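In the form deposited in one PDB entry, a lone chain appears below as structure tokens.
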């Protein structure tokens, strides 16, 4: 399927901010190395009382419609990078766009641009979105994607780890991700359009993240899954993403049930202390955490590079523990909690440890345990590092 050409050349007047912002967002999804050179262009189709800007690269698709004073309908394809780099510098004045055969004339204020028209006849029609599996608030959706994306793998050689698994079960959604050494799992409530829906797709972490920032503040985002591709839909913006082929491990079983030890401490405090101690670590490889008697003793380094240590008070419960973690991984997790205090759950030094937001129910923990893992909206499991 290709774009259908009519009998009229596109002529339209636009608002600089609307057209420039639309071209900007639609430009972000352009391919660096186009599978087909045609894909490098942006599609402009004006109809009735609206203008559509579209981009598509056989994997990701982005389409947005904006108000437009249409003088003559039509469709045209032009270089996306030139369109974005031009629309960015256009004066804050009405944008006259007028196609005339092999050339498209973009005149704004005193500036006049003439750009060659591409082979619009060979531009693949972008995919359509499959129904509406439900609606999620934009802010919370983006936050969840943020809290999970940090765990996604970033090695293209390891595609099975680069994906974020989206699980749908009724009015609740569960996002998850892992890089084989850390696991992030978020859960949020949404408005599904069918009561007993059971779905489980895998979306590229980065693409779902960009689609996360897609959606202005205070809006909503409609999701449209199909068996396949996914459909993110934030009001006038309508984007789609092809699903990921690899399989995602069953993270449910990996979540610990109880904890031999638990530790609640302030997020900012612990983060700053970690960053200080990790300065002397070798290529940010390890931080030695020592929990004992309501006091965390952080240390790192050696006489080779330099040894740093920092003590912090902490609400600790259980037998004294000596565990070591990756500094980057630890701070990565602490940044996603978005809570004042963090709660830790340690089984053994060589087994994973839980990092979940701390609640009022952690103001006191009586007994020596083992303690039962509490239900949380977001959890960040992290695999430790072997000590000497």
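Shifts are known only where both forms have a C-alpha. The term rigid core refers to the most C-alpha atoms you can superpose between the two forms while keeping them within 1.5 Å. Residue numbers count along the first chain shown, from 1.
Form deposited in another entry: not shown, discussed below.
Comparing C-alpha positions between this form and the one not shown after a rigid core fit, one residue in 72, 216, 119, 197 moves 2 angstroms or more. It is 216. In the core-superposed comparison between this form and the one not shown, residue 158 has its Cα shifted by at least 2 Å.
With a change of no less than 3 Å, the CA-CA distance between residue 216 and residue 60 is smaller in the other form than in the form shown. In the other form, the separation between the C-alpha atoms of residue 91 and residue 216 grows by 3 Å or more relative to the displayed form. By the rule of 2 Å per CA over three or more consecutive residues, the rigid core superposition between this form and the one not shown yields shifted runs at 155-158, 213-219.
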